[PDB]
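Reproduced below: data22.cif, with mmCIF, C-alpha atoms and all ligand atoms.
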data_structure
#
loop_
_atom_site.label_atom_id
_atom_site.label_comp_id
_atom_site.auth_asym_id
_atom_site.auth_seq_id
_atom_site.Cartn_x
_atom_site.Cartn_y
_atom_site.Cartn_z
CA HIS A 4 -13.26 -3.14 27.26
CA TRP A 5 -10.44 -4.50 25.07
CA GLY A 6 -7.24 -2.55 24.62
CA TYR A 7 -3.51 -3.15 24.34
CA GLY A 8 -2.44 -3.03 27.99
CA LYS A 9 -1.53 -5.96 30.27
CA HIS A 10 -5.07 -6.50 31.56
CA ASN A 11 -7.08 -5.99 28.36
CA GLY A 12 -4.60 -6.63 25.50
CA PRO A 13 -4.43 -9.32 22.78
CA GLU A 14 -3.93 -12.16 25.34
CA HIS A 15 -7.31 -11.33 26.83
CA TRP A 16 -9.41 -10.83 23.68
CA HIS A 17 -10.49 -14.48 23.32
CA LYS A 18 -12.61 -14.21 26.48
CA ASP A 19 -15.06 -11.77 24.86
CA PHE A 20 -14.27 -12.66 21.26
CA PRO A 21 -13.74 -16.44 21.07
CA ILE A 22 -12.99 -16.14 17.35
CA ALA A 23 -9.60 -14.69 18.48
CA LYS A 24 -8.46 -18.33 18.49
CA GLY A 25 -10.09 -19.10 15.14
CA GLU A 26 -8.77 -20.70 11.99
CA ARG A 27 -8.08 -17.61 9.85
CA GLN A 28 -6.88 -14.99 12.33
CA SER A 29 -4.64 -12.02 11.43
CA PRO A 30 -1.98 -10.71 11.41
CA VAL A 31 0.52 -13.45 10.54
CA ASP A 32 4.24 -13.72 9.90
CA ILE A 33 4.91 -13.81 6.18
CA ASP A 34 7.48 -16.48 5.62
CA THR A 35 8.91 -15.31 2.30
CA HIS A 36 10.43 -18.77 1.58
CA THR A 37 7.06 -20.49 2.10
CA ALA A 38 4.87 -18.04 0.17
CA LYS A 39 4.50 -19.14 -3.48
CA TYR A 40 4.30 -17.01 -6.64
CA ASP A 41 0.74 -17.32 -7.98
CA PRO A 42 0.45 -16.88 -11.76
CA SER A 43 -3.36 -16.94 -11.48
CA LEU A 44 -3.48 -13.47 -9.87
CA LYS A 45 -4.53 -10.55 -12.13
CA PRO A 46 -2.68 -7.29 -11.69
CA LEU A 47 -3.77 -5.18 -8.70
CA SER A 48 -6.00 -2.21 -9.39
CA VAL A 49 -5.90 0.62 -6.84
CA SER A 50 -8.18 3.38 -8.12
CA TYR A 51 -8.15 6.22 -5.58
CA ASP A 52 -8.23 9.25 -7.89
CA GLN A 53 -11.86 10.18 -7.09
CA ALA A 54 -11.40 9.57 -3.32
CA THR A 55 -13.64 11.54 -0.97
CA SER A 56 -12.29 11.71 2.59
CA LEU A 57 -14.60 13.18 5.22
CA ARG A 58 -13.18 13.11 8.73
CA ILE A 59 -10.41 11.93 11.04
CA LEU A 60 -11.40 10.30 14.36
CA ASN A 61 -9.51 9.13 17.45
CA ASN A 62 -11.47 5.99 18.43
CA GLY A 63 -9.64 5.08 21.64
CA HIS A 64 -7.42 2.49 19.97
CA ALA A 65 -6.18 4.25 16.80
CA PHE A 66 -7.24 7.05 14.41
CA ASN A 67 -9.48 6.43 11.38
CA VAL A 68 -9.51 8.59 8.30
CA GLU A 69 -12.99 8.04 6.91
CA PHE A 70 -14.21 8.12 3.35
CA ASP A 71 -17.53 8.57 1.58
CA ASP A 72 -18.29 5.06 0.31
CA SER A 73 -21.82 5.44 -1.08
CA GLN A 74 -20.36 5.43 -4.62
CA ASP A 75 -17.43 3.80 -6.39
CA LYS A 76 -15.01 6.68 -5.74
CA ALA A 77 -11.95 4.92 -4.23
CA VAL A 78 -11.89 1.21 -5.11
CA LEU A 79 -9.72 -1.91 -4.95
CA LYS A 80 -10.03 -4.64 -7.56
CA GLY A 81 -7.96 -7.25 -9.41
CA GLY A 82 -5.25 -9.36 -7.77
CA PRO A 83 -6.85 -12.01 -5.61
CA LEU A 84 -10.12 -10.06 -5.56
CA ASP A 85 -13.35 -10.74 -7.41
CA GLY A 86 -15.45 -7.62 -8.04
CA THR A 87 -15.04 -4.18 -6.52
CA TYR A 88 -14.29 -3.24 -2.95
CA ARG A 89 -14.89 0.26 -1.66
CA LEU A 90 -12.48 2.18 0.58
CA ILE A 91 -14.24 2.98 3.87
CA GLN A 92 -11.42 4.08 6.17
CA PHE A 93 -7.72 3.87 6.81
CA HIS A 94 -5.68 3.71 9.99
CA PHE A 95 -2.30 2.77 11.34
CA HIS A 96 -0.80 0.54 13.97
CA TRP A 97 2.51 1.67 15.47
CA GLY A 98 5.02 1.09 18.30
CA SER A 99 6.68 3.02 21.13
CA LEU A 100 10.02 2.32 19.47
CA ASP A 101 11.10 1.98 15.82
CA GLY A 102 11.84 -1.74 16.31
CA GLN A 103 8.16 -2.60 16.63
CA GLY A 104 4.69 -1.53 15.64
CA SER A 105 3.73 -3.51 12.55
CA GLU A 106 1.13 -6.22 12.76
CA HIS A 107 2.21 -8.46 9.91
CA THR A 108 5.88 -9.37 9.91
CA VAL A 109 8.20 -10.50 7.07
CA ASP A 110 10.54 -13.37 8.11
CA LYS A 111 9.81 -12.23 11.71
CA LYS A 112 10.96 -8.64 11.02
CA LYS A 113 8.72 -6.03 12.65
CA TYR A 114 8.35 -2.68 10.94
CA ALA A 115 7.84 0.57 12.86
CA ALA A 116 4.24 0.86 11.74
CA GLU A 117 1.59 -0.59 9.46
CA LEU A 118 -1.11 1.23 7.46
CA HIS A 119 -4.42 -0.57 6.75
CA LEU A 120 -6.71 0.68 4.05
CA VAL A 121 -9.98 -1.12 4.72
CA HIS A 122 -12.38 -1.91 1.83
CA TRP A 123 -15.76 -3.67 1.63
CA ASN A 124 -17.16 -5.86 -1.13
CA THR A 125 -19.71 -3.76 -3.01
CA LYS A 127 -22.12 -7.05 -3.84
CA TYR A 128 -22.99 -6.92 -0.10
CA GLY A 129 -24.44 -3.43 -0.23
CA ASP A 130 -22.92 -1.95 2.92
CA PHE A 131 -20.07 -2.53 5.39
CA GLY A 132 -22.14 -4.15 8.17
CA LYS A 133 -23.40 -6.76 5.69
CA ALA A 134 -19.87 -7.33 4.24
CA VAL A 135 -18.66 -8.36 7.70
CA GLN A 136 -21.11 -11.32 7.69
CA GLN A 137 -19.30 -12.72 4.66
CA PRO A 138 -16.02 -14.66 4.25
CA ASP A 139 -15.12 -12.38 1.30
CA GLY A 140 -16.66 -9.20 2.68
CA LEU A 141 -13.47 -7.21 3.21
CA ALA A 142 -10.15 -6.48 1.55
CA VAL A 143 -7.40 -4.71 3.53
CA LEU A 144 -4.39 -3.14 1.80
CA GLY A 145 -1.52 -3.34 4.26
CA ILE A 146 1.57 -1.20 3.84
CA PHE A 147 4.61 -1.27 6.04
CA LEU A 148 6.19 1.87 7.49
CA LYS A 149 9.91 2.22 8.20
CA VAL A 150 11.63 5.23 9.76
CA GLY A 151 13.59 7.17 7.13
CA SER A 152 12.79 10.16 4.94
CA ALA A 153 9.49 11.97 5.52
CA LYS A 154 6.49 10.82 3.52
CA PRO A 155 5.06 14.07 2.10
CA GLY A 156 1.64 12.50 1.45
CA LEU A 157 1.38 11.69 5.16
CA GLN A 158 2.01 15.22 6.50
CA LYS A 159 -1.63 16.40 6.15
CA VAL A 160 -2.54 13.55 8.50
CA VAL A 161 0.35 14.26 10.88
CA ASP A 162 -0.66 17.94 11.09
CA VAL A 163 -4.26 17.15 12.21
CA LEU A 164 -3.26 14.85 15.11
CA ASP A 165 -3.00 17.77 17.58
CA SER A 166 -6.72 18.40 17.27
CA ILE A 167 -7.79 14.79 17.87
CA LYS A 168 -5.46 13.99 20.81
CA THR A 169 -7.91 12.10 22.98
CA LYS A 170 -10.57 9.39 22.64
CA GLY A 171 -13.67 10.55 20.77
CA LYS A 172 -12.23 13.69 19.22
CA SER A 173 -12.76 14.14 15.50
CA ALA A 174 -11.75 16.81 13.03
CA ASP A 175 -12.95 17.64 9.53
CA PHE A 176 -10.61 15.97 7.07
CA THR A 177 -11.75 16.54 3.49
CA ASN A 178 -9.93 16.31 0.16
CA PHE A 179 -7.25 13.94 1.56
CA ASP A 180 -5.64 11.87 -1.25
CA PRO A 181 -4.63 8.36 -0.11
CA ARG A 182 -2.44 7.97 -3.24
CA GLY A 183 0.29 9.85 -1.39
CA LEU A 184 0.54 6.96 1.05
CA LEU A 185 1.44 4.28 -1.55
CA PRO A 186 4.93 2.95 -2.20
CA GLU A 187 6.24 2.87 -5.75
CA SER A 188 5.71 -0.92 -6.34
CA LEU A 189 2.42 -2.83 -6.00
CA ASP A 190 4.12 -6.23 -5.38
CA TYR A 191 2.23 -8.03 -2.60
CA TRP A 192 1.53 -11.12 -0.55
CA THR A 193 -2.03 -12.29 -0.18
CA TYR A 194 -3.85 -14.55 2.28
CA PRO A 195 -7.36 -15.10 3.76
CA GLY A 196 -7.58 -13.52 7.21
CA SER A 197 -9.43 -11.40 9.77
CA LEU A 198 -9.67 -7.94 11.21
CA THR A 199 -6.89 -7.46 13.70
CA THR A 200 -9.07 -5.75 16.29
CA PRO A 201 -12.18 -6.98 18.03
CA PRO A 202 -14.57 -8.30 16.98
CA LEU A 203 -11.82 -10.04 14.88
CA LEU A 204 -14.27 -11.07 12.16
CA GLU A 205 -12.88 -13.54 9.65
CA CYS A 206 -13.98 -11.60 6.60
CA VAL A 207 -10.69 -10.30 5.15
CA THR A 208 -8.68 -10.82 1.98
CA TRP A 209 -5.30 -9.43 3.00
CA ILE A 210 -3.08 -7.75 0.40
CA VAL A 211 0.17 -6.79 2.06
CA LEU A 212 2.59 -4.78 -0.07
CA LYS A 213 6.21 -5.94 -0.14
CA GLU A 214 7.65 -2.40 -0.42
CA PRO A 215 7.47 -0.32 2.75
CA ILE A 216 7.00 3.44 2.78
CA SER A 217 9.52 5.61 4.66
CA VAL A 218 8.27 8.15 7.21
CA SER A 219 10.37 10.57 9.27
CA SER A 220 11.23 10.17 12.92
CA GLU A 221 9.27 13.43 13.51
CA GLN A 222 6.21 12.01 11.69
CA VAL A 223 6.24 8.78 13.79
CA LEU A 224 6.94 10.81 16.93
CA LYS A 225 3.72 12.73 16.36
CA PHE A 226 1.66 9.48 16.12
CA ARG A 227 3.12 8.57 19.54
CA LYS A 228 1.83 11.78 21.12
CA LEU A 229 -1.79 10.73 20.64
CA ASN A 230 -3.86 9.46 23.60
CA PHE A 231 -5.80 6.26 24.30
CA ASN A 232 -7.71 8.01 27.09
CA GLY A 233 -10.44 10.59 26.57
CA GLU A 234 -10.21 14.24 27.60
CA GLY A 235 -9.40 14.92 31.26
CA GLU A 236 -8.36 11.35 32.11
CA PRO A 237 -4.93 10.03 33.16
CA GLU A 238 -2.72 10.26 30.05
CA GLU A 239 -1.95 6.97 28.33
CA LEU A 240 0.02 7.53 25.14
CA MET A 241 -1.40 5.75 22.11
CA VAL A 242 1.55 3.46 21.28
CA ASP A 243 1.96 -0.27 20.61
CA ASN A 244 -1.60 -0.62 19.31
CA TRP A 245 -0.70 -3.77 17.33
CA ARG A 246 -1.73 -7.39 17.59
CA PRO A 247 1.21 -9.82 17.41
CA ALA A 248 1.42 -12.52 14.69
CA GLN A 249 -1.10 -15.41 14.86
CA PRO A 250 -1.07 -19.11 13.82
CA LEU A 251 -1.12 -19.58 10.07
CA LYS A 252 -2.97 -22.88 10.46
CA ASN A 253 -4.52 -24.28 7.31
CA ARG A 254 -3.57 -21.30 5.10
CA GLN A 255 -1.36 -20.48 2.16
CA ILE A 256 0.29 -17.14 1.51
CA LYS A 257 0.77 -16.31 -2.18
CA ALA A 258 3.11 -13.82 -3.85
CA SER A 259 2.06 -11.65 -6.82
CA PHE A 260 5.71 -11.58 -7.91
CA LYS A 261 8.43 -14.00 -8.91
HG HG A 301 -11.19 1.56 20.84
HG HG A 302 -16.78 -13.08 7.85
ZN ZN A 303 -5.63 -2.29 11.31
#
Kindly present the structure from the file in structure tokens form.
Ligand SMILES: [Hg+2]
Ligand SMILES: [Hg+2]
Ligand SMILES: [Zn+2]
Amino acid sequence: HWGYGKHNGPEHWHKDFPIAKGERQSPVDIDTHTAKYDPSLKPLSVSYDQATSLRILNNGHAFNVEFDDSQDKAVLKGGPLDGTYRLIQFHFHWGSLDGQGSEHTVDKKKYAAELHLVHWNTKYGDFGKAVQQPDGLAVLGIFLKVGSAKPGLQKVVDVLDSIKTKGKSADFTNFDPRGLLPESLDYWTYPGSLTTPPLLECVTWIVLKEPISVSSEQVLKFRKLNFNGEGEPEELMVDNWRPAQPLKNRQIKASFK
């Protein structure tokens, strides 16, 4: 069962998920001097005002904040995207130290964490169907640096106690993901994959240039979570990130000059 340790971590995934060595795997290093401004991108539309969060869940590898996605409540459109993509869940990847934790990197710089807001292409009807398509998914990726507290993140931080171990969930309604956005919507975009098994190559990545700042205390609370389920040897949930993968035959575009 895949994880992030020595015996079941990213170096092992290809054995059960051969696509791990595929042609459009994620994450990737974003070489800022190789990415090219793309004037054919429309502005990005992040419409999260009617968002309907339901629950937070520790899934053994991270925590998902889940959303009701049966209607166009929280949606991503515009930018490199055709049509409407519905928010289904968000989650983070983080490190054991501030010097690591992000999945994407910018000129090889690792941020302390990365937030992924996962959306699925509404013409495919549901999420399961979206993941059979090369344009099924769009992930908004937002870097986290240690700094000032992010007030919009505190609700999440405060619930972590109650979902310490694998399989625990807690009610998590009326959470507003807008509080997790940086001021600018400048981004890089490339065709990629999910960064966890089964590593399906269904993703349009939209990675914001501007990181959000979180507090040391905020990040510290992420690191108190558990990989293991209740009553098992304690393995702190830390360093749940896949390192950068071969760019291969791919182009990263900027939305900004
Ligand atoms: Hg897991
Ligand atoms: Hg796909
Ligand atoms: Zn992720």
Give me, as a ChimeraX atom specification, all polymer residues having an atom no more than 9 Å from residue 255 of chain A, counting all atoms listed in the file and skipping those fewer than 3 positions away in the same chain. /A:37-39,193-195,251-252
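With distances taken over all atoms listed in the file, A:198 is the one residue among A:198, A:33, A:115, A:134 lying closest to residue 246 of chain A.
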Within 12 Å of ligand ZN 303 (chain A), which residues of chain A come that close, and what is the closest atom pair and distance in Å for each? Count all atoms listed in the file and give it as a tab-separated table.
residue	atom	partner	partner_atom	distance
A:29	CA	A:ZN303	ZN	9.8
A:30	CA	A:ZN303	ZN	9.2
A:64	CA	A:ZN303	ZN	10.1
A:65	CA	A:ZN303	ZN	8.6
A:66	CA	A:ZN303	ZN	10.0
A:67	CA	A:ZN303	ZN	9.5
A:68	CA	A:ZN303	ZN	11.9
A:92	CA	A:ZN303	ZN	10.0
A:93	CA	A:ZN303	ZN	7.9
A:94	CA	A:ZN303	ZN	6.1
A:95	CA	A:ZN303	ZN	6.1
A:96	CA	A:ZN303	ZN	6.2
A:97	CA	A:ZN303	ZN	10.0
A:104	CA	A:ZN303	ZN	11.2
A:105	CA	A:ZN303	ZN	9.5
A:106	CA	A:ZN303	ZN	8.0
A:107	CA	A:ZN303	ZN	10.1
A:116	CA	A:ZN303	ZN	10.4
A:117	CA	A:ZN303	ZN	7.6
A:118	CA	A:ZN303	ZN	6.9
A:119	CA	A:ZN303	ZN	5.0
A:120	CA	A:ZN303	ZN	7.9
A:121	CA	A:ZN303	ZN	8.0
A:122	CA	A:ZN303	ZN	11.6
A:142	CA	A:ZN303	ZN	11.5
A:143	CA	A:ZN303	ZN	8.3
A:144	CA	A:ZN303	ZN	9.6
A:145	CA	A:ZN303	ZN	8.2
A:146	CA	A:ZN303	ZN	10.4
A:147	CA	A:ZN303	ZN	11.6
A:197	CA	A:ZN303	ZN	10.0
A:198	CA	A:ZN303	ZN	6.9
A:199	CA	A:ZN303	ZN	5.8
A:200	CA	A:ZN303	ZN	7.0
A:201	CA	A:ZN303	ZN	10.5
A:203	CA	A:ZN303	ZN	10.5
A:207	CA	A:ZN303	ZN	11.3
A:209	CA	A:ZN303	ZN	11.0
A:211	CA	A:ZN303	ZN	11.8
A:244	CA	A:ZN303	ZN	9.1
A:245	CA	A:ZN303	ZN	7.9
A:246	CA	A:ZN303	ZN	9.0
A:247	CA	A:ZN303	ZN	11.9
Selected residue of minimal separation from ligand HG 301 (chain A) among A:220, A:232, A:259, A:188, counting only C-alpha atoms and all ligand atoms: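 The closest residue to ligand HG 301 (chain A) is A:232.
Point (-2.5, -14.1, 21.8) has the following residues at most 10 Å away: residues 12, 13, 14, 15, 16, 17, 23, 24, 246, 247, 248, 249 and 250 of chain A (atoms considered: all atoms listed in the file).
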Please report as a tab-separated table every residue of chain A lying within 9 Å of ligand HG 302 (chain A), along with the nearest atom pair and their distance in Å (one decimal), using all atoms listed in the file.
residue	atom	partner	partner_atom	distance
A:134	CA	A:HG302	HG	7.5
A:135	CA	A:HG302	HG	5.1
A:136	CA	A:HG302	HG	4.7
A:137	CA	A:HG302	HG	4.1
A:138	CA	A:HG302	HG	4.0
A:139	CA	A:HG302	HG	6.8
A:140	CA	A:HG302	HG	6.5
A:141	CA	A:HG302	HG	8.2
A:197	CA	A:HG302	HG	7.8
A:204	CA	A:HG302	HG	5.4
A:205	CA	A:HG302	HG	4.3
A:206	CA	A:HG302	HG	3.4
A:207	CA	A:HG302	HG	7.2
Could you give me, as a Markdown table, every chain A residue with an atom at most 9 Å from ligand HG 301 (chain A), plus its closest atom pair and distance in Å to one decimal, counting only C-alpha atoms and all ligand atoms, rows ordered by chain then number?
| residue | atom | partner | partner_atom | distance |
| --- | --- | --- | --- | --- |
| A:4 | CA | A:HG301 | HG | 8.2 |
| A:5 | CA | A:HG301 | HG | 7.4 |
| A:6 | CA | A:HG301 | HG | 6.8 |
| A:61 | CA | A:HG301 | HG | 8.5 |
| A:62 | CA | A:HG301 | HG | 5.1 |
| A:63 | CA | A:HG301 | HG | 3.9 |
| A:64 | CA | A:HG301 | HG | 4.0 |
| A:65 | CA | A:HG301 | HG | 7.0 |
| A:170 | CA | A:HG301 | HG | 8.1 |
| A:200 | CA | A:HG301 | HG | 8.9 |
| A:231 | CA | A:HG301 | HG | 7.9 |
Taking only C-alpha atoms into account, which of A:180, A:31, A:186, A:148 comes nearest residue 103 of chain A?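 Of A:180, A:31, A:186, A:148, the one nearest residue 103 of chain A, counting only C-alpha atoms, is A:148.
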